[PDB]
Amino acid sequence: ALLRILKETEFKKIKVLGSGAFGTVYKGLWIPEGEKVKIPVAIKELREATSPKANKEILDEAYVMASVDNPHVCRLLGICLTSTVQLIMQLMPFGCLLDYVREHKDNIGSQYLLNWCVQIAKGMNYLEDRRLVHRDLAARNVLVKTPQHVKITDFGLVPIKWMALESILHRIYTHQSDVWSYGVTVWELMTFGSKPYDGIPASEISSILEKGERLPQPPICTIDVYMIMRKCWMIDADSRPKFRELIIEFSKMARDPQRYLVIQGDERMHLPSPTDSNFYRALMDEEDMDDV
Amino acid sequence: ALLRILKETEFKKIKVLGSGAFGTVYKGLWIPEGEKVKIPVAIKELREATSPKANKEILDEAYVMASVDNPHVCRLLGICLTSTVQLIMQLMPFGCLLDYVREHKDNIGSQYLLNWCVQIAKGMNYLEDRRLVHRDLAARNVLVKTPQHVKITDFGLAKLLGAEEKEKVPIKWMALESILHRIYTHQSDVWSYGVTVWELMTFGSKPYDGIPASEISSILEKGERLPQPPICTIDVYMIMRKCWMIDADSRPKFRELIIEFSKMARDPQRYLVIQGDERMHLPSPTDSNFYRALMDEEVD
Ligand SMILES: *CCC(=O)Nc1cc(Nc2nccc(-n3cc(CN(C)C)c(-c4ccccc4)n3)n2)c(OC)cc1N1CCOCC1
């Protein structure tokens, strides 16, 4: 009952958002039957059609993705099993956090970055609590509902520069491997969208990791935050932090954001007032969540 | 804190949506600072008010309109006080309930009709608990967020715009005390509530059609009211009549209309005789969960 079974004639793709990988992502419009309203949605299309009973196992997984109830994880709203599987979800009009942090290269205060790290861990801890592994966490796979509210997408289904060493050498994906990717994601945000291990061929990443070489300390990060990232990339998967621990740790820093992130001009980049925050929420973020 | 002050440079009107005596509503675009995104909103540009009011006073009542917090009353979000008075609210693509029921005329089931009455009574009870009086409750002033969720709009717009010698004043909706002596209480809002139900039960009929508005006061003193809508059992029509009693204290309370319409909504076909009603049921949980995740994140 959480997965609406669409038909082709009650929606339509409007403009491509992203393409290549999974398939294509479109800006879309939902046209209810009998009504003259057009509701903007997002549609995920798989380019390869090849589906018979492949569609049934997709529907089985689609019901699981339709059940993720969390303010910081995206829910699958509906499916259209036409030609090529079509997934329907809410449109996040601000785009992904990678493009967002890149456009606002040096116009992002320390309160936003730390809160984003808190909100991403809450969504991941939620998934771990549901015994689900994301396998592909990355700043590109986090969406900006509003600047104060991010959500993890691409849950369902090779980012070598994002995977734990055990996932590279042995294709072992756990929740502790997701912690590794979460540590690369944090680094992506702190460096404002820099490419991890830039230029370096992905085929040689397992070699440089076995030598204990890790991503460098981002300029705006105090040692407290970089040590967090370093512990996420420990060879021993069990030594890596738990997502529940990361929620508490980053939250403490979000209480004193300037003590853990050194940003030029940070004194004039604060989180919105209650006023802007009631305004945002009343328009596009009327959903129940946790105070930031 | 609940009312955002907007500058003319961070929003722009796109297209008109509909015009009324309080003003015209436009499909708007909010451009947040330093963002490349356009956020759709709804903008009401108000018509000039009689007893022209100072911007401190208008703002002093915009804070009251921005304070209503109920799933069934629309909250004013922002304001722009310049050469005109522009109100900003959440865009409701479905429109107002009056246009909706005329438009799906003989396609609406009794379970929707009785639920809309509960929801309107719930918004009105909230406004009475807050000691607020709406003064212009009507089917045109109820907005459809989703087909299963309606909200009262335009609260407080009558008090701050006033009126000239057009007594913009909804005569065929006001209690007799309001037409005669301009008395607006919670019990006269019950009078407009009865008329609002009658508009719903008739699928958008014009009340007192053919009777000039200047003559409503007198026919009301002769005991003449609105006729029984054809789909109404005497159960519902009794409740409507009680909303039109000359003694405002004999009229039903909103707290009572909530319970009474909840009762009928649990057995909707006992109370509304609609041809073909045995195929016009509510949406499934699936279709309902879909509407909520897309447009509505905020009695069977
Ligand atoms: C970072 C890339 C990106 O997503 N940009 C983006 C996002 C959105 N809003 C949006 N709403 C709902 C769903 C999505 N979305 C994106 C993707 C693929 N991304 C994460 C790499 C998926 C997806 C889900 C499941 C499976 C596979 C893919 N869902 N995105 C935009 O709407 C405003 C616009 C943009 N971009 C703006 C500038 O660049 C092009 C589009």
# chains A, B, ... in the order shown; residues from 1 in each chain; ligands from 1
>>> residues_around(residues="residue 52 in chain A", least_positions_apart="5", cutoff="12 Å", atoms="only C-alpha atoms", output="ChimeraX atom specification")
/A:57-59,81-85
>>> select_by_dssp(residues="range 149-269 of chain A", states="strand (DSSP E)", output="ChimeraX atom specification")
/A:149-152
>>> write_last_selection(atoms="N, CA and C atoms", output="mmCIF file, in the first residue's frame")
data_model
loop_
_atom_site.group_PDB
_atom_site.id
_atom_site.type_symbol
_atom_site.label_atom_id
_atom_site.label_comp_id
_atom_site.auth_asym_id
_atom_site.auth_seq_id
_atom_site.Cartn_x
_atom_site.Cartn_y
_atom_site.Cartn_z
ATOM 1 N N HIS A 149 18.030 20.954 4.967
ATOM 2 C CA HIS A 149 17.418 19.628 5.041
ATOM 3 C C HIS A 149 17.893 18.817 3.843
ATOM 4 N N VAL A 150 18.731 17.813 4.086
ATOM 5 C CA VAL A 150 19.247 16.966 3.021
ATOM 6 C C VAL A 150 18.699 15.555 3.199
ATOM 7 N N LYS A 151 18.682 14.805 2.096
ATOM 8 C CA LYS A 151 18.135 13.454 2.077
ATOM 9 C C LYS A 151 18.978 12.559 1.181
ATOM 10 N N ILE A 152 19.174 11.324 1.628
ATOM 11 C CA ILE A 152 20.003 10.347 0.932
ATOM 12 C C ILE A 152 19.140 9.626 -0.094
#
>>> residues_around(residues="residue 179 in chain B", least_positions_apart="5", cutoff="8 Å", atoms="only C-alpha atoms", output="list in words")
residues 167, 171, 174 and 217 of chain B
>>> write_last_selection(atoms="N, CA and C atoms", output="mmCIF file, in the first residue's frame")
data_model
loop_
_atom_site.group_PDB
_atom_site.id
_atom_site.type_symbol
_atom_site.label_atom_id
_atom_site.label_comp_id
_atom_site.auth_asym_id
_atom_site.auth_seq_id
_atom_site.Cartn_x
_atom_site.Cartn_y
_atom_site.Cartn_z
ATOM 1 N N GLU B 167 -23.359 46.945 0.983
ATOM 2 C CA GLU B 167 -23.920 46.199 2.103
ATOM 3 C C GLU B 167 -25.444 46.248 2.091
ATOM 4 N N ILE B 171 -23.362 39.215 1.635
ATOM 5 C CA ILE B 171 -24.704 39.246 2.186
ATOM 6 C C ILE B 171 -25.439 37.934 2.201
ATOM 7 N N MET B 174 -24.141 35.955 5.292
ATOM 8 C CA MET B 174 -24.051 36.492 6.642
ATOM 9 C C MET B 174 -25.327 36.216 7.429
ATOM 10 N N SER B 217 -32.069 40.618 3.761
ATOM 11 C CA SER B 217 -32.433 40.904 5.146
ATOM 12 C C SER B 217 -33.921 40.680 5.402
#
>>> residues_around(residues="residue 84 in chain B", least_positions_apart="3", cutoff="7 Å", atoms="only C-alpha atoms", output="list in words")
residues 45, 46 and 81 of chain B
>>> write_last_selection(atoms="N, CA, C and O atoms", output="PDB file, in the first residue's frame")
ATOM      1  N   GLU B  45      -2.682  39.859  -4.249  1.00  0.00           N
ATOM      2  CA  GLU B  45      -2.598  41.314  -4.223  1.00  0.00           C
ATOM      3  C   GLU B  45      -3.955  41.866  -3.796  1.00  0.00           C
ATOM      4  O   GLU B  45      -4.956  41.673  -4.493  1.00  0.00           O
ATOM      5  N   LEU B  46      -3.989  42.533  -2.648  1.00  0.00           N
ATOM      6  CA  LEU B  46      -5.251  42.980  -2.082  1.00  0.00           C
ATOM      7  C   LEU B  46      -5.739  44.258  -2.755  1.00  0.00           C
ATOM      8  O   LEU B  46      -4.952  45.132  -3.134  1.00  0.00           O
ATOM      9  N   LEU B  81       4.544  44.796   1.830  1.00  0.00           N
ATOM     10  CA  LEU B  81       3.771  46.018   2.061  1.00  0.00           C
ATOM     11  C   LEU B  81       4.449  47.174   1.331  1.00  0.00           C
ATOM     12  O   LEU B  81       5.296  47.874   1.886  1.00  0.00           O
TER      13      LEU B  81
END
>>> residues_near_ligand(ligand="ligand 1", cutoff="9 Å", atoms="only C-alpha atoms and all ligand atoms", output="PyMOL selection string")
(chain A and resi 16-19+21-27+41-46+74+76+87-100+138-145+152-157) or (chain B and resi 37)
>>> write_last_selection(atoms="C-alpha atoms", output="mmCIF file, in the first residue's frame")
data_model
loop_
_atom_site.group_PDB
_atom_site.id
_atom_site.type_symbol
_atom_site.label_atom_id
_atom_site.label_comp_id
_atom_site.auth_asym_id
_atom_site.auth_seq_id
_atom_site.Cartn_x
_atom_site.Cartn_y
_atom_site.Cartn_z
ATOM 1 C CA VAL A 16 16.322 15.282 -18.285
ATOM 2 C CA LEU A 17 18.081 15.986 -14.978
ATOM 3 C CA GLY A 18 20.799 13.413 -14.968
ATOM 4 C CA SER A 19 21.731 10.552 -17.150
ATOM 5 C CA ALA A 21 24.611 5.680 -14.917
ATOM 6 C CA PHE A 22 21.510 4.042 -13.611
ATOM 7 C CA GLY A 23 19.506 5.283 -16.492
ATOM 8 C CA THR A 24 18.046 8.669 -16.870
ATOM 9 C CA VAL A 25 16.498 10.890 -14.275
ATOM 10 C CA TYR A 26 13.775 13.220 -15.422
ATOM 11 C CA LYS A 27 11.830 16.164 -14.164
ATOM 12 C CA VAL A 41 7.716 14.605 -9.714
ATOM 13 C CA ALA A 42 11.059 12.937 -10.388
ATOM 14 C CA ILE A 43 11.214 9.816 -12.553
ATOM 15 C CA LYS A 44 14.047 7.307 -12.698
ATOM 16 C CA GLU A 45 14.212 5.280 -15.891
ATOM 17 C CA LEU A 46 16.415 2.268 -16.542
ATOM 18 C CA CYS A 74 14.225 9.426 0.088
ATOM 19 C CA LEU A 76 10.134 5.491 -3.470
ATOM 20 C CA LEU A 87 10.607 4.831 -10.514
ATOM 21 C CA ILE A 88 8.656 7.867 -9.283
ATOM 22 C CA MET A 89 9.813 9.923 -6.294
ATOM 23 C CA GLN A 90 9.526 13.441 -4.933
ATOM 24 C CA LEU A 91 11.329 16.213 -6.784
ATOM 25 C CA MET A 92 14.055 17.947 -4.782
ATOM 26 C CA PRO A 93 14.142 21.368 -6.497
ATOM 27 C CA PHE A 94 17.564 22.326 -5.092
ATOM 28 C CA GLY A 95 19.464 19.414 -6.640
ATOM 29 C CA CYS A 96 22.174 17.229 -5.156
ATOM 30 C CA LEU A 97 24.592 18.245 -2.411
ATOM 31 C CA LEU A 98 27.686 17.760 -4.580
ATOM 32 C CA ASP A 99 26.526 20.308 -7.173
ATOM 33 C CA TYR A 100 25.189 22.446 -4.327
ATOM 34 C CA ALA A 138 28.405 9.887 -1.993
ATOM 35 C CA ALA A 139 27.789 13.626 -2.017
ATOM 36 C CA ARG A 140 26.235 13.219 -5.471
ATOM 37 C CA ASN A 141 23.733 10.764 -3.912
ATOM 38 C CA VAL A 142 22.473 13.234 -1.282
ATOM 39 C CA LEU A 143 19.704 15.619 -2.328
ATOM 40 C CA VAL A 144 18.951 19.118 -1.066
ATOM 41 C CA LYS A 145 15.266 19.458 -0.181
ATOM 42 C CA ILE A 152 20.003 10.347 0.932
ATOM 43 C CA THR A 153 18.839 8.927 -2.396
ATOM 44 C CA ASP A 154 19.989 6.151 -4.760
ATOM 45 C CA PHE A 155 18.926 3.514 -2.234
ATOM 46 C CA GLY A 156 17.975 0.345 -4.087
ATOM 47 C CA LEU A 157 20.218 -0.563 -7.035
ATOM 48 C CA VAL B 37 15.993 27.969 -7.863
#
>>> interface_residues(of="chain A", to="chain B", cutoff="8 Å", atoms="only C-alpha atoms", output="list in words")
residues 1, 2, 3, 4, 36, 37, 38, 39, 41, 77, 78, 90, 93, 94, 274, 275, 276, 278, 279, 282, 283, 285, 286, 287 and 288 of chain A
>>> residues_around(residues="range 191-207 of chain A", least_positions_apart="6", cutoff="12 Å", atoms="only C-alpha atoms", output="PyMOL selection string")
chain A and resi 96-110+113+138-140+158-170+181+183-185+213-221+226+235+261+263
>>> residues_around(residues="range 175-178 of chain A", least_positions_apart="3", cutoff="10 Å", atoms="only C-alpha atoms", output="ChimeraX atom specification")
/A:124-125,127-129,131-138,162-167,172,181-184,232-233,236-243
>>> select_by_dssp(residues="range 159-244 of chain A", states="alpha helix (DSSP H)", output="PyMOL selection string")
chain A and resi 165-170+175-190+205-210+223-232+243-244
>>> residues_around(residues="residue 27 in chain B", least_positions_apart="2", cutoff="8 Å", atoms="only C-alpha atoms", output="ChimeraX atom specification")
/B:13-17,25,29,40-43,91
>>> write_last_selection(atoms="N, CA, C and O atoms", output="CSV table (one decimal), in the first residue's frame")
chain,number,residue,atom,x,y,z
B,13,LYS,N,5.2,37.8,-9.8
B,13,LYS,CA,4.0,37.2,-10.3
B,13,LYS,C,4.2,36.6,-11.7
B,13,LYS,O,4.9,37.2,-12.5
B,14,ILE,N,3.6,35.4,-11.9
B,14,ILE,CA,3.7,34.8,-13.2
B,14,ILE,C,2.4,35.0,-14.0
B,14,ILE,O,2.3,35.8,-14.9
B,15,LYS,N,1.3,34.3,-13.5
B,15,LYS,CA,0.1,34.3,-14.2
B,15,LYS,C,-1.0,34.5,-13.2
B,15,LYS,O,-0.9,34.2,-12.0
B,16,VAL,N,-2.2,35.0,-13.6
B,16,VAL,CA,-3.3,35.2,-12.8
B,16,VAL,C,-4.0,33.8,-12.6
B,16,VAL,O,-3.9,32.9,-13.4
B,17,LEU,N,-4.7,33.6,-11.4
B,17,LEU,CA,-5.3,32.3,-11.2
B,17,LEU,C,-6.8,32.6,-11.1
B,17,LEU,O,-7.6,31.8,-11.5
B,25,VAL,N,-5.6,36.5,-7.2
B,25,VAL,CA,-4.5,35.5,-6.8
B,25,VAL,C,-3.7,35.2,-8.0
B,25,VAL,O,-4.3,34.9,-9.0
B,29,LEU,N,6.4,33.1,-7.9
B,29,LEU,CA,7.7,32.5,-7.8
B,29,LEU,C,8.5,33.2,-6.7
B,29,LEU,O,8.7,34.4,-6.8
B,40,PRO,N,7.7,27.8,-6.4
B,40,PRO,CA,6.3,28.2,-6.6
B,40,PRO,C,5.5,28.5,-5.3
B,40,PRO,O,5.5,27.7,-4.4
B,41,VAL,N,4.9,29.7,-5.3
B,41,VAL,CA,4.0,30.1,-4.2
B,41,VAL,C,2.7,30.7,-4.8
B,41,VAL,O,2.5,30.7,-6.0
B,42,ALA,N,1.8,31.2,-3.9
B,42,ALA,CA,0.6,31.8,-4.3
B,42,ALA,C,0.6,33.2,-3.7
B,42,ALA,O,0.9,33.4,-2.5
B,43,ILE,N,0.3,34.2,-4.5
B,43,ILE,CA,0.3,35.6,-4.1
B,43,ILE,C,-1.0,36.2,-4.3
B,43,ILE,O,-1.7,36.2,-5.3
B,91,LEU,N,1.2,27.4,-2.5
B,91,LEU,CA,0.4,27.2,-3.7
B,91,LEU,C,-0.5,25.9,-3.6
B,91,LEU,O,0.0,24.9,-3.2
